>>> print(open('model_10.txt').read())   # compact mmCIF, C-alpha atoms
# COMPACT_ATOMS: atom_id res chain seq x y z
CA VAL A 178 -4.51 -46.24 26.65
CA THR A 179 -1.56 -44.06 25.62
CA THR A 180 0.33 -41.66 27.90
CA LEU A 181 1.16 -38.28 26.38
CA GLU A 182 3.62 -36.74 28.85
CA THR A 183 4.07 -36.21 32.58
CA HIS A 184 5.77 -33.54 34.66
CA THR A 185 6.30 -32.75 38.34
CA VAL A 186 4.34 -29.68 39.45
CA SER A 187 3.80 -28.02 42.81
CA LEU A 188 1.27 -25.59 44.26
CA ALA A 189 3.92 -23.67 46.22
CA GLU A 190 4.91 -20.20 45.06
CA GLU A 191 8.67 -20.86 44.91
CA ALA A 192 9.00 -24.65 44.69
CA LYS A 193 11.99 -25.60 42.52
CA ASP A 194 12.68 -28.93 40.85
CA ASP A 195 15.88 -30.78 41.68
CA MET A 196 17.31 -29.63 38.32
CA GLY A 197 16.59 -25.96 39.07
CA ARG A 198 13.58 -25.60 36.78
CA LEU A 199 10.45 -24.08 38.26
CA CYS A 200 7.56 -26.16 39.58
CA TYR A 201 4.82 -23.59 40.20
CA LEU A 202 1.76 -24.93 38.41
CA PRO A 203 1.07 -21.98 36.03
CA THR A 204 4.73 -21.45 35.14
CA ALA A 205 5.45 -25.18 34.88
CA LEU A 206 2.48 -25.80 32.59
CA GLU A 207 3.09 -22.69 30.47
CA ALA A 208 6.84 -23.38 30.12
CA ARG A 209 7.40 -27.02 29.15
CA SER A 210 3.93 -28.46 28.54
CA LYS A 211 2.22 -28.24 25.16
CA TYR A 212 -1.37 -29.36 25.83
CA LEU A 213 -2.69 -27.84 29.07
CA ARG A 214 -2.68 -24.55 30.96
CA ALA A 215 -3.72 -23.64 34.50
CA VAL A 216 -4.86 -20.65 36.54
CA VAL A 217 -4.38 -20.40 40.31
CA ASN A 218 -6.29 -18.25 42.79
CA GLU A 219 -3.94 -15.88 44.61
CA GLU A 220 -5.67 -15.99 48.02
CA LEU A 221 -6.46 -19.65 48.79
CA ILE A 222 -3.22 -21.07 47.37
CA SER A 223 -1.26 -20.96 50.65
CA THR A 224 -3.50 -23.42 52.53
CA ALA A 225 -4.74 -25.38 49.50
CA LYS A 226 -4.02 -29.12 49.44
CA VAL A 227 -4.44 -31.91 46.90
CA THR A 228 -5.19 -35.64 46.94
CA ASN A 229 -4.90 -38.71 44.72
CA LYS A 230 -7.30 -38.98 41.78
CA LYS A 231 -7.59 -41.44 38.90
CA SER A 232 -8.91 -40.94 35.35
CA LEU A 233 -10.24 -37.39 35.44
CA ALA A 234 -11.75 -36.97 31.97
CA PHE A 235 -12.79 -33.80 30.18
CA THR A 236 -16.49 -33.42 29.39
CA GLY A 237 -18.24 -30.64 27.48
CA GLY A 238 -15.68 -29.85 24.78
CA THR A 239 -17.44 -29.01 21.53
CA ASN A 240 -16.52 -26.76 18.60
CA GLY A 241 -20.13 -26.22 17.52
CA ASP A 242 -21.06 -26.24 13.84
CA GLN A 243 -18.20 -25.50 11.45
CA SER A 244 -20.37 -25.27 8.32
CA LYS A 245 -21.65 -21.75 9.09
CA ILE A 246 -19.14 -19.07 10.12
CA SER A 247 -19.92 -15.37 10.45
CA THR A 248 -18.05 -12.91 8.23
CA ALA A 249 -16.81 -11.07 11.33
CA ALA A 250 -14.85 -14.16 12.37
CA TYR A 251 -13.19 -14.32 8.95
CA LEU A 252 -12.33 -10.62 9.14
CA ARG A 253 -10.79 -11.02 12.59
CA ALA A 254 -8.79 -14.05 11.45
CA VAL A 255 -7.52 -12.13 8.41
CA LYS A 256 -6.54 -9.18 10.61
CA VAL A 257 -4.66 -11.57 12.90
CA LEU A 258 -2.87 -13.06 9.88
CA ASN A 259 -1.87 -9.57 8.72
CA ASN A 260 0.06 -8.86 11.94
CA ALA A 261 1.93 -12.16 12.17
CA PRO A 262 5.69 -11.38 12.29
CA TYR A 263 6.97 -13.97 9.82
CA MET A 264 8.18 -14.42 6.26
CA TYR A 265 5.49 -15.63 3.92
CA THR A 266 5.64 -14.91 0.20
CA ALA A 267 2.20 -16.16 -0.90
CA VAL A 268 -1.30 -15.99 0.56
CA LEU A 269 -3.59 -18.85 -0.45
CA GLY A 270 -7.36 -18.89 -0.52
CA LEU A 271 -7.47 -22.15 1.46
CA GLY A 272 -11.21 -22.46 0.81
CA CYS A 273 -12.81 -19.18 1.89
CA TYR A 274 -15.49 -18.05 -0.54
CA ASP A 275 -16.80 -14.95 1.24
CA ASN A 276 -16.24 -11.83 -0.85
CA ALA A 277 -15.17 -9.65 2.09
CA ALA A 278 -12.52 -12.15 3.19
CA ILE A 279 -11.10 -12.35 -0.34
CA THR A 280 -11.06 -8.55 -0.57
CA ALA A 281 -9.19 -8.31 2.73
CA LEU A 282 -6.69 -10.93 1.56
CA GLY A 283 -6.20 -8.98 -1.66
CA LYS A 284 -5.52 -5.89 0.43
CA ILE A 285 -2.98 -7.98 2.36
CA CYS A 286 -0.99 -9.22 -0.64
CA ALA A 287 -0.76 -5.74 -2.19
CA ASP A 288 0.74 -4.41 1.06
CA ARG A 289 3.56 -6.91 1.67
CA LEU A 290 4.43 -7.15 -2.06
CA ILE A 291 3.42 -10.80 -2.42
CA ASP A 292 1.07 -12.71 -4.72
CA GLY A 293 -2.20 -14.44 -3.86
CA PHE A 294 -3.82 -17.51 -5.40
CA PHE A 295 -7.52 -17.15 -4.59
CA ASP A 296 -10.38 -18.83 -6.47
CA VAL A 297 -14.18 -19.00 -6.68
CA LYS A 298 -16.84 -21.55 -5.79
CA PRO A 299 -16.29 -24.67 -7.94
CA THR A 300 -20.01 -25.50 -7.97
CA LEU A 301 -20.79 -22.41 -10.07
CA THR A 302 -21.44 -23.21 -13.73
CA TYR A 303 -19.51 -21.53 -16.52
CA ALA A 304 -22.25 -18.98 -17.19
CA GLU A 305 -22.31 -17.38 -13.73
CA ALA A 306 -18.60 -17.86 -12.99
CA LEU A 307 -17.69 -14.64 -14.83
CA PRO A 308 -19.89 -12.27 -12.73
CA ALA A 309 -18.39 -13.74 -9.55
CA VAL A 310 -14.94 -12.31 -10.30
CA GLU A 311 -16.09 -8.69 -10.38
CA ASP A 312 -18.46 -9.51 -7.52
CA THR A 313 -15.28 -10.21 -5.54
CA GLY A 314 -13.93 -6.72 -6.23
CA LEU A 315 -10.39 -7.88 -7.02
CA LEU A 316 -10.60 -6.56 -10.58
CA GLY A 317 -8.91 -3.19 -11.01
CA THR A 318 -5.48 -1.59 -11.20
CA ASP A 319 -4.52 -1.97 -7.52
CA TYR A 320 -4.57 -5.72 -6.80
CA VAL A 321 -2.15 -6.38 -9.65
CA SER A 322 -0.42 -9.47 -8.20
CA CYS A 323 -3.36 -11.76 -7.37
CA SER A 324 -4.98 -14.41 -9.59
CA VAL A 325 -8.36 -16.14 -9.75
CA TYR A 326 -8.94 -19.80 -10.66
CA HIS A 327 -12.04 -21.85 -11.47
CA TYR A 328 -12.35 -25.65 -11.37
CA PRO A 329 -15.76 -27.27 -11.98
CA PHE A 330 -14.55 -30.87 -11.73
CA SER A 331 -15.23 -33.72 -9.30
CA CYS A 332 -12.36 -35.99 -8.27
CA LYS A 333 -11.95 -38.94 -5.91
CA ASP A 334 -10.85 -38.01 -2.40
CA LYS A 335 -7.58 -39.38 -1.04
CA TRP A 336 -9.00 -40.23 2.41
CA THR A 337 -12.70 -41.13 2.21
CA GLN A 338 -12.70 -42.46 -1.39
CA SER A 339 -15.80 -40.38 -2.13
CA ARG A 340 -16.75 -37.95 -4.89
CA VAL A 341 -15.73 -34.52 -3.59
CA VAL A 342 -15.07 -31.13 -5.18
CA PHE A 343 -12.50 -28.63 -3.92
CA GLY A 344 -10.70 -25.55 -5.17
CA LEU A 345 -7.40 -25.04 -6.96
CA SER A 346 -5.15 -22.72 -4.92
CA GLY A 347 -2.96 -25.56 -3.65
CA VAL A 348 -1.87 -26.81 -7.06
CA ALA A 349 -1.12 -23.29 -8.27
CA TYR A 350 1.07 -22.62 -5.25
CA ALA A 351 2.77 -26.00 -5.68
CA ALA A 352 3.61 -25.05 -9.26
CA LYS A 353 4.97 -21.67 -8.16
CA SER B 2 2.44 -4.64 10.78
CA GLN B 3 6.20 -4.13 10.87
CA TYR B 4 6.53 -6.10 7.61
CA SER B 5 4.23 -3.85 5.57
CA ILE B 6 5.72 -1.53 2.95
CA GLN B 7 3.85 1.73 2.39
CA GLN B 8 3.55 3.53 -0.96
CA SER B 9 4.38 7.22 -0.37
CA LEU B 10 6.70 8.57 2.30
CA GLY B 11 5.22 10.56 5.16
CA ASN B 12 7.33 11.61 8.13
CA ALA B 13 8.05 8.28 9.83
CA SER B 14 11.41 6.55 9.41
CA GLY B 15 10.81 3.93 6.74
CA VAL B 16 11.57 2.74 3.23
CA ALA B 17 8.75 2.47 0.70
CA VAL B 18 8.33 1.58 -2.95
CA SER B 19 5.90 3.06 -5.44
CA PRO B 20 3.48 1.11 -7.65
CA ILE B 21 5.05 -0.41 -10.75
CA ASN B 22 4.85 2.35 -13.37
CA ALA B 23 5.01 1.78 -17.12
CA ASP B 24 4.53 5.11 -18.93
CA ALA B 25 7.73 6.75 -17.74
CA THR B 26 11.36 6.88 -18.89
CA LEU B 27 14.54 8.08 -17.20
CA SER B 28 18.04 9.10 -18.22
CA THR B 29 21.25 9.82 -16.32
CA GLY B 30 24.34 11.84 -17.11
CA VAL B 31 27.07 14.07 -15.71
CA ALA B 32 27.55 17.59 -17.03
CA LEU B 33 30.93 18.45 -18.53
CA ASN B 34 30.78 22.27 -18.90
CA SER B 35 33.30 22.74 -21.70
CA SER B 36 31.23 24.98 -24.00
CA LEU B 37 27.67 26.02 -23.18
CA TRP B 38 25.10 26.47 -25.94
CA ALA B 39 22.11 28.79 -25.95
CA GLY B 40 19.05 29.56 -28.03
CA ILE B 41 15.38 30.52 -28.02
CA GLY B 42 12.60 27.98 -28.49
CA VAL B 43 9.05 26.89 -27.74
CA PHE B 44 8.13 24.18 -25.23
CA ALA B 45 5.73 23.19 -22.48
CA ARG B 46 6.45 24.21 -18.87
CA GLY B 47 9.26 26.57 -17.92
CA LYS B 48 9.16 30.22 -16.94
CA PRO B 49 8.58 32.32 -20.08
CA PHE B 50 10.90 35.15 -21.11
CA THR B 51 13.61 34.21 -18.60
CA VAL B 52 16.84 32.29 -19.14
CA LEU B 53 16.78 28.80 -17.64
CA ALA B 54 19.49 26.17 -17.16
CA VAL B 55 19.32 22.73 -18.78
CA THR B 56 21.53 19.73 -18.04
CA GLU B 57 21.33 16.09 -19.08
CA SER B 58 19.38 15.15 -15.93
CA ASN B 59 16.66 17.77 -15.38
CA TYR B 60 15.86 18.44 -19.06
CA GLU B 61 12.83 16.16 -18.72
CA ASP B 62 11.55 18.23 -15.77
CA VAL B 63 12.37 21.92 -16.24
CA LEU B 64 11.54 21.77 -19.96
CA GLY B 65 8.49 19.54 -19.50
CA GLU B 66 7.44 16.44 -21.36
CA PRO B 67 8.12 16.29 -25.12
CA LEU B 68 5.47 17.73 -27.41
CA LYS B 69 3.69 15.80 -30.17
CA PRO B 70 4.40 15.87 -33.93
CA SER B 71 0.65 15.69 -34.58
CA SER B 72 0.02 19.03 -32.83
CA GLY B 73 1.44 21.28 -35.52
CA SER B 74 5.16 21.95 -35.88
CA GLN B 75 6.08 22.86 -32.29
CA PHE B 76 7.97 19.61 -31.66
CA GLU B 77 11.25 20.77 -33.22
CA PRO B 78 12.95 22.55 -30.28
CA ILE B 79 12.71 19.67 -27.80
CA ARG B 80 14.25 17.28 -30.33
CA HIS B 81 17.01 19.79 -31.02
CA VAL B 82 17.65 20.19 -27.29
CA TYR B 83 17.86 16.43 -26.82
CA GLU B 84 20.25 16.11 -29.77
CA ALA B 85 22.74 18.62 -28.32
CA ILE B 86 22.30 17.81 -24.62
CA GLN B 87 24.52 14.70 -24.57
CA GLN B 88 27.61 16.93 -24.73
CA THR B 89 27.16 19.86 -22.31
CA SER B 90 24.66 22.07 -20.50
CA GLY B 91 22.37 24.69 -22.04
CA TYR B 92 20.77 28.09 -21.54
CA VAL B 93 17.49 27.79 -23.44
CA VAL B 94 14.94 30.62 -23.29
CA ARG B 95 11.23 29.89 -23.73
CA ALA B 96 8.78 32.16 -25.55
CA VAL B 97 4.99 31.85 -25.37
CA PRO B 98 2.10 33.34 -27.37
CA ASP B 99 0.03 36.26 -26.09
CA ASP B 100 -3.04 34.16 -25.22
CA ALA B 101 -1.16 31.82 -22.87
CA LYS B 102 -2.56 31.93 -19.34
CA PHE B 103 -1.56 30.56 -15.94
CA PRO B 104 -3.92 29.46 -13.14
CA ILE B 105 -4.34 31.38 -9.91
CA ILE B 106 -6.19 30.66 -6.66
CA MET B 107 -7.36 33.59 -4.52
CA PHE B 108 -8.60 33.43 -0.93
CA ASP B 109 -11.03 35.67 0.93
CA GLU B 110 -10.81 36.80 4.56
CA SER B 111 -13.03 33.94 5.74
CA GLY B 112 -10.90 31.50 3.73
CA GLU B 113 -13.13 30.68 0.75
CA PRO B 114 -11.18 29.82 -2.42
CA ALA B 115 -12.07 31.42 -5.75
CA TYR B 116 -10.59 29.90 -8.90
CA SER B 117 -9.31 32.21 -11.63
CA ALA B 118 -6.84 32.52 -14.49
CA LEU B 119 -4.69 35.33 -15.85
CA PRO B 120 -2.51 35.85 -18.94
CA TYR B 121 1.25 36.19 -18.69
CA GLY B 122 3.18 39.44 -18.41
CA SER B 123 0.45 41.32 -16.56
CA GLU B 124 1.01 41.68 -12.83
CA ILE B 125 -1.53 40.34 -10.34
CA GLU B 126 -3.66 42.85 -8.43
CA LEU B 127 -6.16 42.40 -5.61
CA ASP B 128 -9.52 44.13 -5.21
CA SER B 129 -11.03 45.48 -1.98
CA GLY B 130 -11.55 41.95 -0.67
CA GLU B 131 -9.72 38.69 -1.34
CA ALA B 132 -6.97 39.11 1.25
CA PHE B 133 -4.28 37.07 -0.52
CA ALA B 134 -3.83 34.94 -3.63
CA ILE B 135 -1.40 32.17 -4.60
CA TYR B 136 -0.50 31.31 -8.20
CA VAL B 137 1.84 28.94 -10.00
CA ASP B 138 4.85 30.29 -11.89
CA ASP B 139 6.36 27.22 -13.58
CA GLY B 140 4.01 27.92 -16.49
CA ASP B 141 2.52 24.44 -16.63
CA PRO B 142 -1.21 24.58 -17.50
CA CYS B 143 -1.80 21.85 -14.87
CA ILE B 144 -4.09 19.85 -17.14
CA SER B 145 -1.94 16.74 -17.54
CA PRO B 146 -1.10 15.92 -14.80
CA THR B 147 -3.09 17.95 -12.25
CA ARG B 148 -1.72 19.81 -9.22
CA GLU B 149 -3.81 20.19 -6.06
CA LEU B 150 -3.34 22.42 -3.02
CA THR B 151 -3.98 21.15 0.52
CA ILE B 152 -3.88 23.44 3.56
CA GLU B 153 -3.77 22.11 7.12
CA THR B 154 -3.41 23.92 10.43
CA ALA B 155 -0.31 23.58 12.60
CA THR B 156 1.14 24.68 15.92
CA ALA B 157 1.44 28.37 16.72
CA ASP B 158 4.76 30.08 17.39
CA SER B 159 6.23 31.62 20.54
CA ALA B 160 4.82 35.07 19.71
CA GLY B 161 1.39 33.52 19.12
CA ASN B 162 1.33 33.98 15.35
CA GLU B 163 -0.81 31.39 13.60
CA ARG B 164 0.95 29.01 11.22
CA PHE B 165 -0.54 26.56 8.74
CA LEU B 166 1.23 23.87 6.74
CA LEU B 167 0.85 24.20 2.96
CA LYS B 168 1.07 21.07 0.81
CA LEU B 169 1.18 20.88 -2.99
CA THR B 170 0.35 17.49 -4.48
CA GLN B 171 0.19 16.16 -8.04
CA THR B 172 -2.47 13.69 -9.19
CA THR B 173 -1.79 11.52 -12.22
CA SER B 174 -4.45 10.55 -14.74
CA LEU B 175 -4.64 6.94 -13.53
CA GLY B 176 -5.30 7.87 -9.90
CA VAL B 177 -1.92 7.77 -8.17
>>> encode(input="model_10.txt", output="structure tokens")
Amino acid sequence: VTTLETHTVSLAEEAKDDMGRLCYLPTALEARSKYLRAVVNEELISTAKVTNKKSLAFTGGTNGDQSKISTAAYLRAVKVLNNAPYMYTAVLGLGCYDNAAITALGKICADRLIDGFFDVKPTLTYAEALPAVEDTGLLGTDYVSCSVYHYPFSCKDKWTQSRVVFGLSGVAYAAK
Amino acid sequence: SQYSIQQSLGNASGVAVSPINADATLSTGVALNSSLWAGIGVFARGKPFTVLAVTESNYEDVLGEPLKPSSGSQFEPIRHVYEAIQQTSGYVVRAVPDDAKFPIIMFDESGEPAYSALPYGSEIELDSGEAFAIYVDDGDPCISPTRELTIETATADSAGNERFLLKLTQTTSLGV
């Protein structure tokens, strides 16, 4: 058993810690904590009380199946990435193989004046690898800063010591 | 995003860059005006049968792009102008053949365009219909590149007179 972190919280509206920091449960959790958040009803809080409890575990957390993801989710994630207010000078593929996601990323890198490092599915043989590039839609005179890589090789994984195959954006960005 | 950089300026306060062009050259210079030369010639663009003004900066614009040695022997005057432009200004006069024509767009009462062309010298007249017509005068044939006209409505004035914004745009061969 390992303890992450503890803090002193209160259910009162204006309870203040001895150091002056706030102790209201939503503000206290949203200010200093990094793992949990809370929501408090605004009508029963005045008379609400608490007790002593031990080992309250979370049950029901599940991320579903990560193998299949809808294209709409990828589009929303790309749109979120487009609006992030930060410096980044290279957009990597990071494994997405959907054509629409790659097209949106290509639209991204031609708008911030940066350079992408996308790729295609490594399982494709040499014959059908060529049609995939124009299937992506990157080819043209607009997305002039991107680049497409292919890598039909199987290596030994660093963690599981198994025969796995993965793309090639990371090495290209490391070289850059 | 606030990090995006657009391509062509609109009306918002911002700084934008254009796509990386290759088939274009530039030159800079400051006029001296110690002794001005003059002389007739034959070129592309420019108002025919009217004295122009040529400096070391706008000679690529008012006098058009250079002609081609392959197309007959009409390439002499632009080379001569370049040779003597690195010293002072100029007062070249352009002359055109009789069969040279300039485009004209004429509008009806309902607002339907009707393309047409007319030779130089002759004044433009309007028939019983076709309320007003607008034509270019720079003399460029508008074949390479192409110039397009865009008309959009706008806010009326205090007296109630209708006003519409008129926009003239140029489309390059590539697509920009």
>>> interface_residues(input="model_10.txt", of="chain B", to="chain A", cutoff="12 Å", atoms="only C-alpha atoms", output="list in words")
residues 2, 3, 4, 5, 6, 7, 8, 17, 18, 19, 20, 21, 22, 175, 176 and 177 of chain B
>>> write_last_selection(input="model_10.txt", atoms="C-alpha atoms", output="mmCIF file, keeping the file's coordinate frame")
data_model
loop_
_atom_site.group_PDB
_atom_site.id
_atom_site.type_symbol
_atom_site.label_atom_id
_atom_site.label_comp_id
_atom_site.auth_asym_id
_atom_site.auth_seq_id
_atom_site.Cartn_x
_atom_site.Cartn_y
_atom_site.Cartn_z
ATOM 1 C CA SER B 2 2.440 -4.640 10.780
ATOM 2 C CA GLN B 3 6.200 -4.130 10.870
ATOM 3 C CA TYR B 4 6.530 -6.100 7.610
ATOM 4 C CA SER B 5 4.230 -3.850 5.570
ATOM 5 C CA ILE B 6 5.720 -1.530 2.950
ATOM 6 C CA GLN B 7 3.850 1.730 2.390
ATOM 7 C CA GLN B 8 3.550 3.530 -0.960
ATOM 8 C CA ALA B 17 8.750 2.470 0.700
ATOM 9 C CA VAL B 18 8.330 1.580 -2.950
ATOM 10 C CA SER B 19 5.900 3.060 -5.440
ATOM 11 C CA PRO B 20 3.480 1.110 -7.650
ATOM 12 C CA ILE B 21 5.050 -0.410 -10.750
ATOM 13 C CA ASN B 22 4.850 2.350 -13.370
ATOM 14 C CA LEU B 175 -4.640 6.940 -13.530
ATOM 15 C CA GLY B 176 -5.300 7.870 -9.900
ATOM 16 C CA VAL B 177 -1.920 7.770 -8.170
#
>>> residues_around(input="model_10.txt", residues="residue 281 in chain A", least_positions_apart="5", cutoff="9 Å", atoms="all atoms listed in the file", output="VMD selection string")
chain A and resid 252 255 to 256 276 286
>>> atom_distance(input="model_10.txt", atom1="CA of residue 125 in chain B", atom2="CA of residue 41 in chain B")
26.4 Å
>>> residues_around(input="model_10.txt", residues="residue 283 in chain A", least_positions_apart="3", cutoff="12 Å", atoms="all atoms listed in the file", output="PyMOL selection string")
chain A and resi 255+259+267-270+276-280+286-296+313-317+319-325
>>> residues_around(input="model_10.txt", residues="range 216-223 of chain A", least_positions_apart="3", cutoff="9 Å", atoms="only C-alpha atoms", output="CSV table (one decimal) with C-alpha atoms, in the frame of the given file")
chain,number,residue,atom,x,y,z
A,188,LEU,CA,1.3,-25.6,44.3
A,189,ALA,CA,3.9,-23.7,46.2
A,190,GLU,CA,4.9,-20.2,45.1
A,202,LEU,CA,1.8,-24.9,38.4
A,203,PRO,CA,1.1,-22.0,36.0
A,226,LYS,CA,-4.0,-29.1,49.4
>>> atom_distance(input="model_10.txt", atom1="CA of residue 133 in chain B", atom2="CA of residue 112 in chain B")
9.6 Å
>>> axis_aligned_box(input="model_10.txt", around="range 2-14 of chain B", padding_each_side="3 Å", output="AutoDock Vina command-line options")
--center_x 6.9 --center_y 2.8 --center_z 5.0 --size_x 15.0 --size_y 23.7 --size_z 17.8
>>> closest_residue(input="model_10.txt", among="B:60, B:108, B:165, B:116", to="residue 47 in chain B", atoms="only C-alpha atoms")
B:60
>>> atom_distance(input="model_10.txt", atom1="CA of residue 182 in chain A", atom2="CA of residue 205 in chain A")
13.2 Å
>>> closest_residue(input="model_10.txt", among="B:86, B:54, B:144, B:127", to="residue 30 in chain B", atoms="all atoms listed in the file")
B:86
>>> residues_near_point(input="model_10.txt", point="(5.0, -35.3, 40.1)", cutoff="12 Å", atoms="only C-alpha atoms", output="VMD selection string")
chain A and resid 182 to 188 194 to 195 200 to 202 205 229
>>> write_last_selection(input="model_10.txt", atoms="C-alpha atoms", output="compact mmCIF listing (two decimals), in the frame of the given file")
# COMPACT_ATOMS: atom_id res chain seq x y z
CA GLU A 182 3.62 -36.74 28.85
CA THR A 183 4.07 -36.21 32.58
CA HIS A 184 5.77 -33.54 34.66
CA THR A 185 6.30 -32.75 38.34
CA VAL A 186 4.34 -29.68 39.45
CA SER A 187 3.80 -28.02 42.81
CA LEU A 188 1.27 -25.59 44.26
CA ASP A 194 12.68 -28.93 40.85
CA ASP A 195 15.88 -30.78 41.68
CA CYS A 200 7.56 -26.16 39.58
CA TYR A 201 4.82 -23.59 40.20
CA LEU A 202 1.76 -24.93 38.41
CA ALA A 205 5.45 -25.18 34.88
CA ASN A 229 -4.90 -38.71 44.72
>>> residues_around(input="model_10.txt", residues="residue 119 in chain B", least_positions_apart="5", cutoff="10 Å", atoms="all atoms listed in the file", output="PyMOL selection string")
chain B and resi 100-105+124-125+136
>>> build_atoms(input="model_10.txt", residues="range 319-339 of chain A", atoms="N, CA and C atoms", output="PDB file, in the frame of the given file")
ATOM      1  N   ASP A 319      -5.217  -1.979  -8.798  1.00  0.00           N
ATOM      2  CA  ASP A 319      -4.520  -1.970  -7.520  1.00  0.00           C
ATOM      3  C   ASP A 319      -4.048  -3.352  -7.097  1.00  0.00           C
ATOM      4  N   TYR A 320      -4.940  -4.342  -7.113  1.00  0.00           N
ATOM      5  CA  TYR A 320      -4.570  -5.720  -6.800  1.00  0.00           C
ATOM      6  C   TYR A 320      -4.017  -6.357  -8.073  1.00  0.00           C
ATOM      7  N   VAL A 321      -2.764  -6.007  -8.379  1.00  0.00           N
ATOM      8  CA  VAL A 321      -2.150  -6.380  -9.650  1.00  0.00           C
ATOM      9  C   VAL A 321      -1.348  -7.672  -9.561  1.00  0.00           C
ATOM     10  N   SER A 322      -1.249  -8.281  -8.382  1.00  0.00           N
ATOM     11  CA  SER A 322      -0.420  -9.470  -8.200  1.00  0.00           C
ATOM     12  C   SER A 322      -1.223 -10.717  -7.870  1.00  0.00           C
ATOM     13  N   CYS A 323      -2.540 -10.612  -7.723  1.00  0.00           N
ATOM     14  CA  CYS A 323      -3.360 -11.760  -7.370  1.00  0.00           C
ATOM     15  C   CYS A 323      -3.685 -12.571  -8.627  1.00  0.00           C
ATOM     16  N   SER A 324      -4.544 -13.575  -8.481  1.00  0.00           N
ATOM     17  CA  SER A 324      -4.980 -14.410  -9.590  1.00  0.00           C
ATOM     18  C   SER A 324      -6.178 -15.232  -9.131  1.00  0.00           C
ATOM     19  N   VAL A 325      -7.109 -15.464 -10.052  1.00  0.00           N
ATOM     20  CA  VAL A 325      -8.360 -16.140  -9.750  1.00  0.00           C
ATOM     21  C   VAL A 325      -8.442 -17.405 -10.604  1.00  0.00           C
ATOM     22  N   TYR A 326      -8.834 -18.516  -9.983  1.00  0.00           N
ATOM     23  CA  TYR A 326      -8.940 -19.800 -10.660  1.00  0.00           C
ATOM     24  C   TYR A 326     -10.351 -20.360 -10.510  1.00  0.00           C
ATOM     25  N   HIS A 327     -10.745 -21.181 -11.479  1.00  0.00           N
ATOM     26  CA  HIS A 327     -12.040 -21.850 -11.470  1.00  0.00           C
ATOM     27  C   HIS A 327     -11.813 -23.309 -11.843  1.00  0.00           C
ATOM     28  N   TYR A 328     -12.573 -24.208 -11.221  1.00  0.00           N
ATOM     29  CA  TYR A 328     -12.350 -25.650 -11.370  1.00  0.00           C
ATOM     30  C   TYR A 328     -13.641 -26.402 -11.113  1.00  0.00           C
ATOM     31  N   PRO A 329     -14.491 -26.533 -12.130  1.00  0.00           N
ATOM     32  CA  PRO A 329     -15.760 -27.270 -11.980  1.00  0.00           C
ATOM     33  C   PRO A 329     -15.613 -28.755 -12.301  1.00  0.00           C
ATOM     34  N   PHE A 330     -14.789 -29.451 -11.525  1.00  0.00           N
ATOM     35  CA  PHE A 330     -14.550 -30.870 -11.730  1.00  0.00           C
ATOM     36  C   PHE A 330     -14.654 -31.609 -10.401  1.00  0.00           C
ATOM     37  N   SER A 331     -15.097 -32.860 -10.472  1.00  0.00           N
ATOM     38  CA  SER A 331     -15.230 -33.720  -9.300  1.00  0.00           C
ATOM     39  C   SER A 331     -14.216 -34.843  -9.381  1.00  0.00           C
ATOM     40  N   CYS A 332     -13.394 -34.970  -8.348  1.00  0.00           N
ATOM     41  CA  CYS A 332     -12.360 -35.990  -8.270  1.00  0.00           C
ATOM     42  C   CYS A 332     -12.708 -36.990  -7.176  1.00  0.00           C
ATOM     43  N   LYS A 333     -11.802 -37.937  -6.953  1.00  0.00           N
ATOM     44  CA  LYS A 333     -11.950 -38.940  -5.910  1.00  0.00           C
ATOM     45  C   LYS A 333     -11.034 -38.578  -4.748  1.00  0.00           C
ATOM     46  N   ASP A 334     -11.605 -38.470  -3.552  1.00  0.00           N
ATOM     47  CA  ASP A 334     -10.850 -38.010  -2.400  1.00  0.00           C
ATOM     48  C   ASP A 334      -9.779 -39.029  -2.007  1.00  0.00           C
ATOM     49  N   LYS A 335      -8.686 -38.519  -1.439  1.00  0.00           N
ATOM     50  CA  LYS A 335      -7.580 -39.380  -1.040  1.00  0.00           C
ATOM     51  C   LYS A 335      -7.875 -40.150   0.240  1.00  0.00           C
ATOM     52  N   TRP A 336      -8.740 -39.621   1.105  1.00  0.00           N
ATOM     53  CA  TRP A 336      -9.000 -40.230   2.410  1.00  0.00           C
ATOM     54  C   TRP A 336     -10.274 -41.068   2.414  1.00  0.00           C
ATOM     55  N   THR A 337     -11.411 -40.463   2.080  1.00  0.00           N
ATOM     56  CA  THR A 337     -12.700 -41.130   2.210  1.00  0.00           C
ATOM     57  C   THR A 337     -13.128 -41.886   0.964  1.00  0.00           C
ATOM     58  N   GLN A 338     -12.380 -41.774  -0.134  1.00  0.00           N
ATOM     59  CA  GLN A 338     -12.700 -42.460  -1.390  1.00  0.00           C
ATOM     60  C   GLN A 338     -14.102 -42.115  -1.876  1.00  0.00           C
ATOM     61  N   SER A 339     -14.495 -40.860  -1.695  1.00  0.00           N
ATOM     62  CA  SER A 339     -15.800 -40.380  -2.130  1.00  0.00           C
ATOM     63  C   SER A 339     -15.623 -39.334  -3.222  1.00  0.00           C
TER      64      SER A 339
END
